[PDB]
Amino acid sequence: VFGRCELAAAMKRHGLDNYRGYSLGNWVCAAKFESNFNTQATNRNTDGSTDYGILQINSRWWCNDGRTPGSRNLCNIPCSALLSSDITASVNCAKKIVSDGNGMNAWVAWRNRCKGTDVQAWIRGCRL
Amino acid sequence: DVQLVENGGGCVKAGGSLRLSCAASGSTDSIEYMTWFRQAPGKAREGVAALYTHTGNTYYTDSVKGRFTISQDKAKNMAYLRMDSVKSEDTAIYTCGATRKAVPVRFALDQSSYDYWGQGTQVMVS
């Protein structure tokens, strides 16, 4: 489980900062409420789609697991890479997702909790 | 558990303004996209006016560009499609599809993507 401040620093390093007009707080909150700072977290779906990575990227439209029928695999990368401990691929395809046009509204956790809240407080007190 | 219903339709001469309405029930919160699909006789079901509940962005096919507008109300979890300057080709059965997952913009008009559908409402042009 990566540290909150450590996770924010990693996101800043990977370039996710200042992307699509969202601060680090939005991304940190989304990760926290999507996988509780646990990149290994894996979740299924009612339709059968699988979610991998800290940001819980859906398999149906984003990553190519091969287990989900009619997969659009927008990420164009295997879901295993997202399931990898490092968050580089997660950050990259999250940039892609937020670049879809609807912003961070795609992620359910961000809308539920990280939308219209003090997201920047997540990176507070982290010496970043 | 979202059930889609449609209201309106009927005979509307060329240039008549028709107000089609759609509603959602049950777990309406999970809904992400709302789209209208026309099942023209002899043609496959095709999207008409896609929409995203939260952002409110509206996407329309080329044919209905500048003539049909779709808007929704968050409180009532309903979406209604305005119609104007209707023509002969507009005669078809309109279906208000919905989905519980965030579909990409390019697939917003795809019928297969949507996981919900409702009883289509027929639209005829005099």
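Residue numbering: from 1, along the chain as shown.
Even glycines carry a Cβ here, placed using N, Cα and C.
A:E34 (active site) falls within a helical segment according to DSSP. A 10 Å cutoff on Cβ-Cβ distances gives A:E34 (active site) a total of 23 other Cβ atoms nearby, all chains included. Taken from Swiss-Prot, the feature active site covers A:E34 (among others).
Taken from Swiss-Prot, the feature active site covers A:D51 (among others). If you take the C-beta of A:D51 (active site) and look for same-chain residues 6 or more apart in sequence within under 8 angstroms, you find A:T42, A:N43, A:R44, A:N45, A:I57, A:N58, A:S59.
Summarising the annotation, Swiss-Prot assigns substrate binding site to A:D100. A coil conformation is recorded for A:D100 (substrate binding site) in the three-state DSSP classification, outside any helix or strand.
DSSP assigns A:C5 (disulfide bond) to a helical segment in the three-state reduction. Per Swiss-Prot, disulfide bond is recorded for A:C5-A:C126 (among others).
The annotation disulfide bond is assigned in Swiss-Prot to A:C29-A:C114 (among others). The number of other Cβ atoms within 10 Å of the Cβ belonging to A:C114 (disulfide bond), over all protein chains shown, comes to 24.
DSSP assigns A:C79 (disulfide bond) to a helix. Other Cβ atoms within 10 Å of the Cβ of A:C79 (disulfide bond) number 27 in total over all chains. Annotation source Swiss-Prot lists disulfide bond at A:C63-A:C79 (among others).
What Swiss-Prot records for A:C75-A:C93 (among others) is disulfide bond. Sequence-distant neighbours of A:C75 (disulfide bond) (same chain, 6+ apart, CB under 8 A from its CB) are A:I57, A:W62, A:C63, A:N64, A:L82, A:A89, A:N92, A:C93, A:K96.
A Cα-Cα distance of 16 Å separates A:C79 (disulfide bond) from A:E34 (active site). Here the disulfide-bonded residues are A:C5, A:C29, A:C63, A:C93, A:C126, and the one with the most other Cβ atoms within 10 Å of its Cβ is A:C63. Chain B comes close to A:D100, taken from the recorded positions A:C75, A:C79, A:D100 by a C-beta to C-beta distance under 8 angstroms. Between A:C126 (disulfide bond) and A:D100 (substrate binding site), the C-alpha separation comes to 30 Å.
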